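Take a look at the structure below.
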Amino acid sequence: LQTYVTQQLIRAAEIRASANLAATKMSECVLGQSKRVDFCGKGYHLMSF
Amino acid sequence: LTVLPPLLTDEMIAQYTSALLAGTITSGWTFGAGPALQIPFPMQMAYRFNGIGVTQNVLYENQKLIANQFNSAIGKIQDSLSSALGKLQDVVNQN
Amino acid sequence: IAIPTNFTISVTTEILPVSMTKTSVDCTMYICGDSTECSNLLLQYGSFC
Amino acid sequence: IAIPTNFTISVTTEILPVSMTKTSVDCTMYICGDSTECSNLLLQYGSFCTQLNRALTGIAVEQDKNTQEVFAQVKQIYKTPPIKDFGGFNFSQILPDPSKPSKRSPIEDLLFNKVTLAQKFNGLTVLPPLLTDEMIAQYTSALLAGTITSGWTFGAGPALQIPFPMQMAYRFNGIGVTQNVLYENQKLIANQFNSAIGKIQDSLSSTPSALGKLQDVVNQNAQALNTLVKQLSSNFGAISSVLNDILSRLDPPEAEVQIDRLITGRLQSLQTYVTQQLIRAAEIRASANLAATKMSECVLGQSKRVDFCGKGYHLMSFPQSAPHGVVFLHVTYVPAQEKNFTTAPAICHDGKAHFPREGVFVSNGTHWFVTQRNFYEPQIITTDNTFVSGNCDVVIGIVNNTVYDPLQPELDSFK
Amino acid sequence: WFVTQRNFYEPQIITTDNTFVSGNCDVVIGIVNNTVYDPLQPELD
Amino acid sequence: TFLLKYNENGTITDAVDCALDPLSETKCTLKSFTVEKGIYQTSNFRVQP
Amino acid sequence: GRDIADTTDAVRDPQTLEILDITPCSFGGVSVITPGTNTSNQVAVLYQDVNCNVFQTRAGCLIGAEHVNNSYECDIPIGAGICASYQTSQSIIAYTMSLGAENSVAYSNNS
Amino acid sequence: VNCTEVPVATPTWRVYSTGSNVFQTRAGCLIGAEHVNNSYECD
Ligand SMILES: *[C@@H]1O[C@H](CO)[C@@H](O[C@@H]2O[C@H](CO)[C@@H](O)[C@H](O)[C@H]2NC(C)=O)[C@H](O)[C@H]1NC(C)=O
Ligand SMILES: *[C@@H]1O[C@H](CO)[C@@H](O[C@@H]2O[C@H](CO)[C@@H](O)[C@H](O)[C@H]2NC(C)=O)[C@H](O)[C@H]1NC(C)=O
Ligand SMILES: *[C@@H]1O[C@H](CO)[C@@H](O[C@@H]2O[C@H](CO)[C@@H](O)[C@H](O)[C@H]2NC(C)=O)[C@H](O)[C@H]1NC(C)=O
Ligand SMILES: *[C@@H]1O[C@H](CO)[C@@H](O[C@@H]2O[C@H](CO)[C@@H](O)[C@H](O)[C@H]2NC(C)=O)[C@H](O)[C@H]1NC(C)=O
Ligand SMILES: *[C@@H]1O[C@H](CO)[C@@H](O)[C@H](O)[C@H]1NC(C)=O
Ligand SMILES: *[C@@H]1O[C@H](CO)[C@@H](O)[C@H](O)[C@H]1NC(C)=O
Ligand SMILES: *[C@@H]1O[C@H](CO)[C@@H](O)[C@H](O)[C@H]1NC(C)=O
Ligand SMILES: *[C@@H]1O[C@H](CO)[C@@H](O)[C@H](O)[C@H]1NC(C)=O
Ligand SMILES: *[C@@H]1O[C@H](CO)[C@@H](O)[C@H](O)[C@H]1NC(C)=O
Ligand SMILES: *[C@@H]1O[C@H](CO)[C@@H](O)[C@H](O)[C@H]1NC(C)=O
Ligand SMILES: *[C@@H]1O[C@H](CO)[C@@H](O)[C@H](O)[C@H]1NC(C)=O
Ligand SMILES: *[C@@H]1O[C@H](CO)[C@@H](O)[C@H](O)[C@H]1NC(C)=O
Ligand SMILES: *[C@@H]1O[C@H](CO)[C@@H](O)[C@H](O)[C@H]1NC(C)=O
Ligand SMILES: *[C@@H]1O[C@H](CO)[C@@H](O)[C@H](O)[C@H]1NC(C)=O
Ligand SMILES: *[C@@H]1O[C@H](CO)[C@@H](O)[C@H](O)[C@H]1NC(C)=O
């Protein structure tokens, strides 16, 4: 059970990193237009849904 | 062992997404900074074209064409989406 | 210099995990459930559960 | 189209924990408790003690690395000028206050006094951070004086002075609001700024939960430490939880097995503590990296990343220290009092389709005007002000109108 | 006086082609009384 | 507790005493003759009763 | 009595029935400041949390390192804003870290 | 758990287990909370 809990902590940290990336992606691509190159899709960015 | 329900039901998450999406459609980027304010969509796309460094006219002069491409692209992804979701299947399978 | 003369608006997906199933396990009843004899022994390990 | 006629400058706080206590525990003492007859047995388990000590030391040095990366962004420390004429903007609430023995600011002082943990035990110890709170405050004051007195230049080269009203004019122009919006409302701007800044203090005094994101961290660490030391009370199936009792009641050949049980239990508990600490230190490292990114891209400049610096269009952010963390006062221009006019994509004059240079066409019912997109400031629509492309037949939504040619009156007068 | 681009020193005579008009000389704080050269006058003369 | 540096020829070439001086104490702690610049934690001391 | 753990914090003398308190005696980790074997061989020891050239710091008792007045961008970290190094002139000196050179930007409202 | 078997789980604890007010939700049943048809922000 300790092994399962530790592995779950690692996996949830990975998912939290992914969720932070998703939060910033929604902020910067959806609520606006971003100059970051490949952040919001390949090519020049217009708008994300 | 048990699995606690998520705070936001799938319906509430879908409502949040729809709110964000309608705000983007009908107000561009303003709703994300201050009070949401309307702007006709082709004018918003002109604003964004200006954003990527292409003058306003390049949109209007061929707005029709732009729109068509947009529509087609959207349709395409649906067909492409019904091919993947490996990023989420992987999470659920790992858990 | 090569200059573009046309465009092709593209739409690209990007899947992002945002959260995993919220699991929770009773340690006391997982190590040994409905057996007070083993629960008493498990109490020796302290605050692991 | 609905466009604003007014603005409000709002400063919002954002807390970020950048480090945690540098705890260290010597496996030998925690497990054996200075019982050489027990250390000899513990030696049979391999290099577990060395591995755990190495992990904890790595976390300890990483905390100081986090603080260094987040705060020491400036090669040199600047001093704000003695005279405090910043064009009406009042920074007394963020700049260091010489009126106290510590060189903090009123916001910094209130922030520091709102987070609280001498306790000593066997083995557990805490090392002081490399950069003492005074030095972190000095770094914050350096960054703050630099951003007030030299714009964003100090972060990307030499510090180039610039009057603060002009700096805020540049920052306004950086979000699509022409310079004349600031000067013509300078005083008003200043007042709002001042008010907002003052308000933030009350917000920090509004509830104890303001510093929550930091408090949690501390609490978490404390919890771990408690549950580690409390694990010394457990006996893990032996006949007693104290090695002294074991060695006083039982002979070596028999006490060896009981001490084995105690060694195994203590080692497992300490290993669990170290692993949890590694996960928590990774989380704090991610938070500190985000704090460093915010300090670099917000304090030392001005970001187009929409929500990186709070709701609104980012103008400037002043950092503030906090016990094991940083706090950003993101200043943001937020539109308000939106008025909605009729709009067109382009005008027509003599069959030529005129598109706005940078603003947008808006009509107050009767005749049209060109106004910048983020602040209603109608200007007469003129060929100088709007460029030309194509003709009538192509654009949809075109509206007939006359665009003033600025040379017509002078041409007629002089020919 | 002169008009120069930021973050590099390239003076240019103040002209109607690199300055935009506003105000009435009473609202802004700290104005100066220099003049703007107009490119059209030499053409007229 | 001596730390002895063997050689590819198989012949002991040098030795370090764990308790001669703090520098040698580090050299033992790192299990290497060469100690790079920095601050090194070696042991934990208690005052004898 | 007892502390948060089973370790005894106080005891009553069975002979004189007198109250007493117990504290673990002076202890702590020991580290050493070395500027590198390939550049020198002297070293300055540091007792982490003990009370005592010799020198006292909020980070512990540092001996073998000579205090110096001024400060430099510091080489190695001791703690509590105090660093040390083999610079300056042939021994380890422990000082208080310097952050950076003073630079008063000549700011005026019209410059 | 379902609201049927809740009571199986001093006098005040008995009252809370029984429940003068019982509400059934996806996250099992709860007692002591009045259920309304209004809606507010998450607390
Ligand atoms: C924009 O809004 C500000 C307030 O946010 C207005 O300034 C206020 O004007 C009223 C007029 O009676 C005063 O009572 C307030 O004290 C002012 N507030 C501040 C902070 O100065 C301003 O007039 C508005 N501008 C426009 C064009 O509507
Ligand atoms: C700038 O703000 C400070 C407060 O941060 C002002 O100082 C206060 O002014 C009020 C009003 O006169 C007094 O009641 C307070 O006693 C002053 N001190 C404090 C600590 O609040 C200051 O007047 C403002 N203006 C300038 C130019 O500094
Ligand atoms: C719309 O904007 C105009 C600005 O031009 C406002 O002012 C009038 O403008 C017309 C022609 O531009 C003049 O003939 C009037 O004399 C102006 N009126 C005043 C009081 O200066 C106008 O008031 C605005 N509103 C409407 C309904 O037209
Ligand atoms: C805007 O002006 C154009 C040009 O004056 C108008 O287009 C003309 O409309 C008349 C109406 O009888 C036609 O006979 C012409 O063939 C049209 N084209 C030209 C080049 O004159 C237009 O109607 C006006 N109004 C709008 C809404 O566009
Ligand atoms: C751009 O591509 C589209 C798609 O085929 C085409 O219809 C259009 O004519 C092209 N533009 C030009 C200027 O050829
Ligand atoms: C502004 O919006 C209101 C409704 O929100 C509408 O009735 C009005 O016509 C709009 N104004 C203009 C000029 O279209
Ligand atoms: C949309 O607006 C344009 C602007 O001129 C107008 O020509 C068109 O008729 C409008 N469409 C509808 C359905 O009202
Ligand atoms: C600058 O301050 C001086 C007073 O020392 C004042 O006379 C002048 O008008 C001010 N100018 C600006 C642009 O702030
Ligand atoms: C600028 O010139 C105007 C008119 O010539 C005059 O009224 C004003 O006082 C002058 N201002 C200064 C600062 O010289
Ligand atoms: C040591 O190494 C040398 C390398 O050439 C070799 O010749 C010699 O046999 C080795 N052993 C001794 C004892 O010299
Ligand atoms: C025994 O201890 C008590 C308590 O101090 C004392 O009063 C008494 O004199 C002692 N008797 C002897 C024989 O030491
Ligand atoms: C113990 O520390 C205090 C405070 O630093 C100091 O005054 C005292 O001299 C120290 N005593 C010893 C024995 O080091
Ligand atoms: C600074 O140098 C003077 C002169 O040697 C000395 O008296 C003083 O103690 C020094 N200060 C510090 C903090 O070392
Ligand atoms: C709870 O019990 C009621 C009554 O039998 C039943 O209608 C309902 O479906 C049950 N719900 C669940 C989740 O078991
Ligand atoms: C709330 O809505 C439910 C829906 O079934 C209804 O039965 C009930 O009367 C409403 N009012 C209250 C106070 O529950």
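Letters A, B, ... go to the chains of the structure tokens in the order shown; residues in each chain start at 1; ligands are counted from 1 in the same order.
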Contacts of residue 35 in chain H at 12 Å (only C-alpha atoms; same-chain gap of 4+ positions) as a list in words: residues 21, 22, 23, 24, 25, 29, 30, 31 and 39 of chain H
Using only C-alpha atoms and all ligand atoms, determine which residues fall within 12 Å of ligand 3, then list them as a PDB file with C-alpha atoms, in the first residue's frame.
ATOM      1  CA  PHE D 341     -21.542  52.046 -31.185  1.00  0.00           C
ATOM      2  CA  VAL D 362     -17.310  53.757 -34.735  1.00  0.00           C
ATOM      3  CA  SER D 363     -20.395  55.896 -35.360  1.00  0.00           C
ATOM      4  CA  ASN D 364     -22.225  57.904 -32.710  1.00  0.00           C
ATOM      5  CA  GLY D 365     -25.436  57.467 -34.689  1.00  0.00           C
ATOM      6  CA  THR D 366     -24.851  60.375 -37.078  1.00  0.00           C
ATOM      7  CA  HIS D 367     -21.304  60.405 -38.499  1.00  0.00           C
ATOM      8  CA  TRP D 368     -18.328  58.099 -38.189  1.00  0.00           C
ATOM      9  CA  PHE D 369     -15.005  58.379 -36.370  1.00  0.00           C
ATOM     10  CA  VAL D 370     -11.774  56.440 -35.920  1.00  0.00           C
ATOM     11  CA  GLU D 377     -11.180  58.674 -28.285  1.00  0.00           C
ATOM     12  CA  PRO D 378     -12.968  59.595 -31.513  1.00  0.00           C
ATOM     13  CA  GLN D 379     -10.864  61.295 -34.178  1.00  0.00           C
ATOM     14  CA  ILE D 380     -12.036  62.632 -37.522  1.00  0.00           C
ATOM     15  CA  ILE D 381     -11.496  59.973 -40.177  1.00  0.00           C
TER      16      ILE D 381
END
Ligand 14 neighbours within 7 Å using only C-alpha atoms and all ligand atoms, as a ChimeraX atom specification: /H:2-4
Given 9 Å and only C-alpha atoms and all ligand atoms, residues near ligand 5 as a ChimeraX atom specification: /B:62,65,69 /C:5-8
Chain A residues near chain B (9 Å cut-off, only C-alpha atoms) as a PyMOL selection string: chain A and resi 8+11+15+27+30-35+44-49
Quick one: write out the picked residues with N, CA, C and O atoms as a PDB file, in the first residue's frame?
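That gives us selection-v7.pdb:
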ATOM      1  N   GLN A   8       1.323   6.810  -6.695  1.00  0.00           N
ATOM      2  CA  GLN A   8       0.231   7.738  -6.959  1.00  0.00           C
ATOM      3  C   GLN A   8       0.662   9.177  -6.747  1.00  0.00           C
ATOM      4  O   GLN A   8       0.222  10.063  -7.480  1.00  0.00           O
ATOM      5  N   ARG A  11       2.543  10.096  -9.868  1.00  0.00           N
ATOM      6  CA  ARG A  11       1.656  10.228 -11.018  1.00  0.00           C
ATOM      7  C   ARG A  11       0.800  11.482 -10.912  1.00  0.00           C
ATOM      8  O   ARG A  11       0.560  12.167 -11.912  1.00  0.00           O
ATOM      9  N   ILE A  15       0.446  14.667 -13.390  1.00  0.00           N
ATOM     10  CA  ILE A  15      -0.838  15.181 -13.852  1.00  0.00           C
ATOM     11  C   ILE A  15      -1.006  16.639 -13.460  1.00  0.00           C
ATOM     12  O   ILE A  15      -1.632  17.411 -14.186  1.00  0.00           O
ATOM     13  N   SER A  27      -5.352  30.036 -20.653  1.00  0.00           N
ATOM     14  CA  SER A  27      -5.249  31.467 -20.407  1.00  0.00           C
ATOM     15  C   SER A  27      -4.720  32.190 -21.634  1.00  0.00           C
ATOM     16  O   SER A  27      -5.354  33.118 -22.141  1.00  0.00           O
ATOM     17  N   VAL A  30      -6.633  30.760 -25.418  1.00  0.00           N
ATOM     18  CA  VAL A  30      -8.078  30.941 -25.545  1.00  0.00           C
ATOM     19  C   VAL A  30      -8.474  32.373 -25.212  1.00  0.00           C
ATOM     20  O   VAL A  30      -9.085  33.071 -26.027  1.00  0.00           O
ATOM     21  N   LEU A  31      -8.128  32.835 -24.016  1.00  0.00           N
ATOM     22  CA  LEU A  31      -8.486  34.190 -23.608  1.00  0.00           C
ATOM     23  C   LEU A  31      -7.667  35.248 -24.302  1.00  0.00           C
ATOM     24  O   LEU A  31      -7.786  36.418 -23.933  1.00  0.00           O
ATOM     25  N   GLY A  32      -6.842  34.900 -25.280  1.00  0.00           N
ATOM     26  CA  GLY A  32      -6.062  35.898 -25.977  1.00  0.00           C
ATOM     27  C   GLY A  32      -5.375  35.291 -27.178  1.00  0.00           C
ATOM     28  O   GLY A  32      -5.626  34.144 -27.546  1.00  0.00           O
ATOM     29  N   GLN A  33      -4.504  36.084 -27.789  1.00  0.00           N
ATOM     30  CA  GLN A  33      -3.695  35.642 -28.915  1.00  0.00           C
ATOM     31  C   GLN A  33      -2.233  35.694 -28.501  1.00  0.00           C
ATOM     32  O   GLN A  33      -1.760  36.726 -28.012  1.00  0.00           O
ATOM     33  N   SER A  34      -1.522  34.590 -28.697  1.00  0.00           N
ATOM     34  CA  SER A  34      -0.184  34.415 -28.156  1.00  0.00           C
ATOM     35  C   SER A  34       0.860  34.522 -29.256  1.00  0.00           C
ATOM     36  O   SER A  34       0.640  34.067 -30.382  1.00  0.00           O
ATOM     37  N   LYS A  35       1.997  35.130 -28.920  1.00  0.00           N
ATOM     38  CA  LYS A  35       3.141  35.189 -29.815  1.00  0.00           C
ATOM     39  C   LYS A  35       4.089  34.012 -29.639  1.00  0.00           C
ATOM     40  O   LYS A  35       5.037  33.879 -30.419  1.00  0.00           O
ATOM     41  N   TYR A  44       1.181  30.322 -37.256  1.00  0.00           N
ATOM     42  CA  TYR A  44       0.836  31.566 -36.585  1.00  0.00           C
ATOM     43  C   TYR A  44      -0.532  31.428 -35.939  1.00  0.00           C
ATOM     44  O   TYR A  44      -1.465  30.894 -36.541  1.00  0.00           O
ATOM     45  N   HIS A  45      -0.649  31.915 -34.710  1.00  0.00           N
ATOM     46  CA  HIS A  45      -1.836  31.683 -33.902  1.00  0.00           C
ATOM     47  C   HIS A  45      -2.904  32.723 -34.203  1.00  0.00           C
ATOM     48  O   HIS A  45      -2.610  33.917 -34.296  1.00  0.00           O
ATOM     49  N   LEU A  46      -4.145  32.260 -34.354  1.00  0.00           N
ATOM     50  CA  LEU A  46      -5.300  33.138 -34.475  1.00  0.00           C
ATOM     51  C   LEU A  46      -6.219  33.015 -33.268  1.00  0.00           C
ATOM     52  O   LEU A  46      -6.500  34.016 -32.606  1.00  0.00           O
ATOM     53  N   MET A  47      -6.694  31.814 -32.950  1.00  0.00           N
ATOM     54  CA  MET A  47      -7.581  31.693 -31.795  1.00  0.00           C
ATOM     55  C   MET A  47      -7.847  30.226 -31.502  1.00  0.00           C
ATOM     56  O   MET A  47      -7.903  29.407 -32.414  1.00  0.00           O
ATOM     57  N   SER A  48      -8.041  29.909 -30.229  1.00  0.00           N
ATOM     58  CA  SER A  48      -8.242  28.533 -29.802  1.00  0.00           C
ATOM     59  C   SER A  48      -9.582  28.388 -29.099  1.00  0.00           C
ATOM     60  O   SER A  48     -10.016  29.286 -28.376  1.00  0.00           O
ATOM     61  N   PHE A  49     -10.233  27.250 -29.327  1.00  0.00           N
ATOM     62  CA  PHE A  49     -11.476  26.902 -28.669  1.00  0.00           C
ATOM     63  C   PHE A  49     -11.275  25.632 -27.854  1.00  0.00           C
ATOM     64  O   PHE A  49     -10.748  24.645 -28.383  1.00  0.00           O
TER      65      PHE A  49
END
